[PDB]
Amino acid sequence: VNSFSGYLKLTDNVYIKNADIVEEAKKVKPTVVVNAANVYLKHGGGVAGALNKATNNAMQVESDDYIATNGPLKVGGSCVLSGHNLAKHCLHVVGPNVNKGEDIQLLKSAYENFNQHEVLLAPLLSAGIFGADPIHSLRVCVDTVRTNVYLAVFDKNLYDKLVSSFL
Ligand SMILES: O=C(O)CC[C@H]1CCCN(c2ncnc3[nH]ccc23)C1
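Its first residue numbered 3, the sequence shown is counted upward by one per residue in the authors' numbering.
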């Protein structure tokens, strides 16, 4: 038993809700919140900009030190950093950005990072400003993640289309 509430169950291990991931993180304090990161951990907009704003820019300060030490992530890769006031940990995961021409096949590699964590609150990778089809992203998630994932979908209209079209 865990503290996630109001989710629709899609499969044995994947759940979904119309929610603002920032507000969900603020209430649940999950062990892991996933950020929709880029390779530079520049949290300017989308999910990343919203998560970072909610930390009063502490996420960005920590991220800049991480990059200065380690260099950029790989597309499809991830790193574990602090969850600040939102979660114990933040798993920064880089899905391919279609608006940069990155290979959508890397989306599966991106979701594989979730399997290193027993339970996660997450957005749909490569959705939103990353330019991928969220229905495809959900399919890859279901077919790749084996750990327990709670997906927060900000847009109510999108949430209804994902549910109604789910196979
Ligand atoms: O319609 C969706 O979910 C997909 C849109 C992407 C794009 C970036 C922001 N998107 C979010 N997803 C969940 N929570 C959020 N809070 C603030 C933004 C946010 C995900």
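By construction, the Cβ of each residue, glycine as well, lies at the ideal position given by its N, Cα and C atoms.
Check for me: the alpha helix (DSSP H) holding residue i runs from which residue to which?
i, result
"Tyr113", "108-114"
"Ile18", "Looking at the DSSP string, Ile18 is not in any alpha helix (DSSP H); the run it does join, the beta strand (DSSP E), is 16-20."
"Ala27", "23-30"
"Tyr161", "158-166"
"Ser139", "136-146"
Just to confirm before moving on: does the CB-CB distance between residue i and residue j stay below 7 Å?
i, j, result
"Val96", "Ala52", "no"
"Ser5", "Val35", "no"
"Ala27", "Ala129", "no"
"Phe116", "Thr71", "no"
"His94", "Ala39", "yes"
"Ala124", "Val151", "yes"
"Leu127", "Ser139", "yes"
"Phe132", "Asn99", "yes"
"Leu108", "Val77", "yes"
"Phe168", "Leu10", "no"
"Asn37", "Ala21", "no"
Terminal residues of the continuous beta strand (DSSP E) containing residue i?
i, result
"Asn58", "Segment: none, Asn58 is in no beta strand (DSSP E) and carries neither H nor E."
"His91", "91-95"
"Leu123", "121-124"
"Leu153", "150-155"
"residue 198", "Any property of residue 198 remains undetermined from this structure, which presents the chain solely from 3 to 169."
With burial defined as no fewer than 16 other Cβ atoms inside 10 Å of the residue's Cβ, what is the status of residue i: buried or exposed?
i, result
"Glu104", "buried"
"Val3", "exposed"
"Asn54", "buried"
"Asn159", "exposed"
"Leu75", "buried"
"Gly47", "exposed"
"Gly8", "exposed"
"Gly85", "buried"
"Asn58", "exposed"
For residue i, is the beta carbon positioned less than 6 Å from some heavy atom of ligand 3?
i, result
"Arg141", "Among the ligands in the structure shown, ligand 3 does not appear; only ligand 1 can be found there."
Closer than 8 Å is the cut-off here; do at least three beta carbon pairs connect the region 79-89 with the region 11-18?
Contact between the region 79-89 and the region 11-18 is absent, because fewer than three Cβ pairs lie under 8 Å.
Any residues whose CB sits closer than 5 Å to a heavy atom of ligand 1? List them in chain order?
This selection yields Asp22, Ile23, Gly48, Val49, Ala52, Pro125, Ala129, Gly130, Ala154, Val155, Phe156, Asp157, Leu160.
Inspect the CB distances between the region 103-112 and the region 58-73 and report whether three or more fall short of 8 Å.
Contact fails: fewer than three Cβ-Cβ distances are below 8 Å.
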